[PDB]
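So the sequence lines, in the order shown, correspond to chains B and P. For the first sequence, UniProt numbering puts the final residue at 277, and the numbers step up evenly by one. For the second sequence, UniProt numbering puts the final residue at 277, and the numbers step up evenly by one. Contents: one structure, followed by commentary.
Protein chains: 2
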Amino acid sequence: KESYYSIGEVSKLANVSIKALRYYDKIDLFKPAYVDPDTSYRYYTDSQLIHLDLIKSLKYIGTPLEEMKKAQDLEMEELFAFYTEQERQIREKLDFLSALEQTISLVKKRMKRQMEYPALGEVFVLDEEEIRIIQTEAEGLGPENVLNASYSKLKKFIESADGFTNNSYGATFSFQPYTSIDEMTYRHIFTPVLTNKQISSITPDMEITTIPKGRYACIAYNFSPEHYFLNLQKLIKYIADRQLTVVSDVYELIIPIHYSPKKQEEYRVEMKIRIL
Amino acid sequence: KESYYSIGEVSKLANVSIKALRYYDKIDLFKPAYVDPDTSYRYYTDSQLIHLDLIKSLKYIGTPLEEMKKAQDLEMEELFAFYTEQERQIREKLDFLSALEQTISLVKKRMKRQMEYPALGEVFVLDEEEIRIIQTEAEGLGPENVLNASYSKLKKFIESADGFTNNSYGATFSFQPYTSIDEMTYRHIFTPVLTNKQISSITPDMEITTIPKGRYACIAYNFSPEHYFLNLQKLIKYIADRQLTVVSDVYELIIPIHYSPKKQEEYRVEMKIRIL
DNA sequence: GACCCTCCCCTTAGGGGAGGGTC
DNA sequence: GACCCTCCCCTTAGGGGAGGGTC
Ligand SMILES: COc1ccc(C[C@H](N)C(=O)N[C@H]2[C@@H](O)[C@H](n3cnc4c(N(C)C)ncnc43)O[C@@H]2CO)cc1
Ligand SMILES: COc1ccc(C[C@H](N)C(=O)N[C@H]2[C@@H](O)[C@H](n3cnc4c(N(C)C)ncnc43)O[C@@H]2CO)cc1
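So this is what it looks like as structure tokens:
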């Protein structure tokens, strides 16, 4: 009333740290009514305390300080609108988070499917849900010369729309009595798509399609070069043996087991193909 | 394949800024396979490119870099769990935002009611919805000696639970044939409560109650000292004139018109009282 | 003994840009 | 001509703490 609060007294009173008050002073956001000209001590009036209501509420909303100065000024009608602004900045973040949560939940669903493989290196025929994908012509690439850079573009499209990177790298090819890896080419390469955020500015050299619901002969294993062809060969036999009728390319997918560079590179591979 | 990508080549390929790559190198998060010992030029292999999938996905989730190093290591089963962690950190933020949005939307509703006052300095009798509040005994305070610091405690309780600060400061008192402000004391002071976040560790010297749904004689005006008592007096007359029967304390509330300290302090005041 | 001062140094994740030396 | 290097300086909102001088 007829004396000043000292910075401590205010901080205790306002639930705002002493160092915060100095900062708000420094940046001319909230400043001592008085400053002792000899002790540099900061003194505060009871009535000026009200300005903190705004500063604190805003801070809690996460409005940045420089923005708060602009806000101090407005009278209610104008400050109402400011609030709407935050409200719409907040609906934005939520939308982005709900999206994010749904994505993770899917990435986790795809991951579970992996560690719940029925067995490795053995051929299992299973009933599968469809996996939306985007893909591009493999332009004379096969298993032998295909690089990560090959996927630069697909990834760039899925990143813009999903913000997550495909954990996994796919290619497809013709099911054929292959006698040598030497003699395979990929028809397409591709990656799976996770969200249904309409993908911006997609180009006519990318096709969006899916690996369709249906019965599949799969085999999966942890990659090493020797095994690659031989597992494929196993599949081929599996189908021939059962006189089974194939109805798609062979799809393959490659997933890293880890991303550490302190450990040896390791991948899970899975090969599948649709059958009647 | 049999040569290196240069930092530019990678950045273009990976949609990750050149300066970012240098940073990830600096902090041993992602590091050139090779560094030319004479040009300090950073060279990268096509296969190491995969580690970026994780870095980028994570970054997008907003996982902090130092955390990413820990994450690189885990094999799927362990990294699954990491994801759950984020998922639960995200459900947290949403909960906090939905809460935040609902609060703002209320603060805005209270604000509209203000600028849609029927008129100022005139007594209007209106049908009101209830306002939950928390309050404390005014310990011999009246209009003359009441300070902001008086509300230190209420505010501290509502801040912990709402995170917003009451825009408005309330007191109540006995409706009485007052002939002088000199002769009033507040029964309680109080502030309105916004959220229904259970308020932690509330103490027995605070009562939670509401200003109840009902018919009210109100007057509201922009404060100045002369007007304060005289408006009160008007209310008193209003009731006497209509032979109206009061059924509560007089409630008053004070709201700032602005929070700028570049402008003169200004408050809206409103006084009301419940009637049959 | 307690409180307040000023003035270091520190933290995230790079972007901008200057002032080289390389492809 | 283009690309890459290292090494300034900069940004949010203070917290920690040292090394005073004040209540
Ligand atoms: C690992 O990062 C990649 C690299 C390339 C791809 C593209 C493709 N899906 C694909 O077929 N990716 C797989 C493999 O086909 C291919 N690969 C690399 N080396 C060989 C090889 N020898 C060296 C004898 N024989 C057969 N395949 C080979 O590399 C990938 C596993 O490293 C996917 C992931
Ligand atoms: C503004 O910040 C405050 C300060 C105190 C309060 C407490 C209380 N609700 C209350 O009655 N707050 C109101 C007013 O009652 C009181 N007030 C301040 N000065 C006077 C006065 N004279 C100086 C003659 N006469 C009557 N009332 C006065 O200050 C507040 C408006 O400034 C609320 C807001």
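Note that beta-carbon positions come from the ideal geometry of N, C-alpha and C, so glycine has one too.
Assigned secondary structure, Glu-78 (chain B) (DSSP; H/G/I helix, E/B strand, else coil): helix
Test: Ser-202 (chain B) CB closer than 8 Å to a CB of chain P: no
C-alpha distance - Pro-178 (chain B) paired with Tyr-152 (chain B), whole-angstrom precision: 28 Å
With 16 other Cβ atoms within 10 Å as the buried cut-off, status of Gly-122 (chain B): exposed
Backbone CA spacing between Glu-160 (chain P) and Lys-238 (chain P) [nearest angstrom]: 38 Å
Buried/exposed call for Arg-275 (chain P), threshold 16 Cβ in 10 Å: buried
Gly-171 (chain P) Cβ short of 7 Å to ligand 2 heavy atom set: yes
Amino acids of chain P, ordered along the chain, whose beta-carbon sits closer than 7 Å to that of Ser-153 (chain B): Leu-14
Residue span of the beta strand (DSSP E) that contains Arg-23 (chain P), given as start and end: From DSSP, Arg-23 (chain P) is part of no beta strand (DSSP E) but of the alpha helix (DSSP H) over 19-27.
8 Å Cβ cutoff, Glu-145 (chain P) in contact with chain B: no
Helix, strand or coil at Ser-7 (chain P) according to DSSP, with G and I counted as helix: strand
CB of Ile-91 (chain P) within 8 Å of CB of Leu-98 (chain B), strictly: yes
Minimum Cβ-Cβ distance from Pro-33 (chain P) to chain B less than 8 Å: no
Contact test: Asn-149 (chain P) Cβ vs ligand 2 heavy atom, cutoff 7 Å: yes
Straight-line Cα distance separating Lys-57 (chain P) from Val-17 (chain P): 8 Å
Residue ranges of each alpha helix (DSSP H) within the segment 25-103 of chain P, 4 or longer: 52-62 and 66-74
Alpha carbon of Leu-107 (chain P) to alpha carbon of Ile-200 (chain P), nearest angstrom: 18 Å
Extent of the continuous beta strand (DSSP E) to which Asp-250 (chain P) belongs: 247-257
Contact residues within the segment 92-106 of chain B, judged by C-beta distance below 8 Å to chain P: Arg-92, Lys-94, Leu-95, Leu-98, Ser-99, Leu-101, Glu-102, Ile-105 and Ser-106
Enclosing alpha helix (DSSP H) for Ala-241 (chain B) [first to last residue]: 226-242
Minimum Cβ-Cβ distance from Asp-26 (chain P) to chain B less than 8 Å: no
Enclosing beta strand (DSSP E) for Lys-264 (chain P) [first to last residue]: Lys-264 (chain P) -> no beta strand (DSSP E), and no H or E assigned at all.
Closer than 7 Å: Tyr-229 (chain B) CB and nearest ligand 1 heavy atom: yes
Residue from P:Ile-212, P:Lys-157, P:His-228 and P:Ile-28 with nearest C-alpha to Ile-182 (chain P): P:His-228
Own chain, CB closer than 7 Å to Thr-104 (chain B), minus 5 neighbours either side, in chain order: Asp-163, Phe-165, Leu-195 and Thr-196
CB contact below 8 Å: residue 278 (chain P) versus chain B: Outside the displayed span of chain P (2 to 277) sits residue 278 (chain P), for which this structure offers no information.
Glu-253 (chain P) CB to nearest heavy atom of ligand 2 below 7 Å: yes
Beta-carbon proximity check, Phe-174 (chain P) vs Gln-136 (chain P), cutoff 8 Å: no
Cβ-Cβ distance between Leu-22 (chain B) and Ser-7 (chain B) below 8 Å: no
Local conformation of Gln-177 (chain P) per DSSP, three classes: coil
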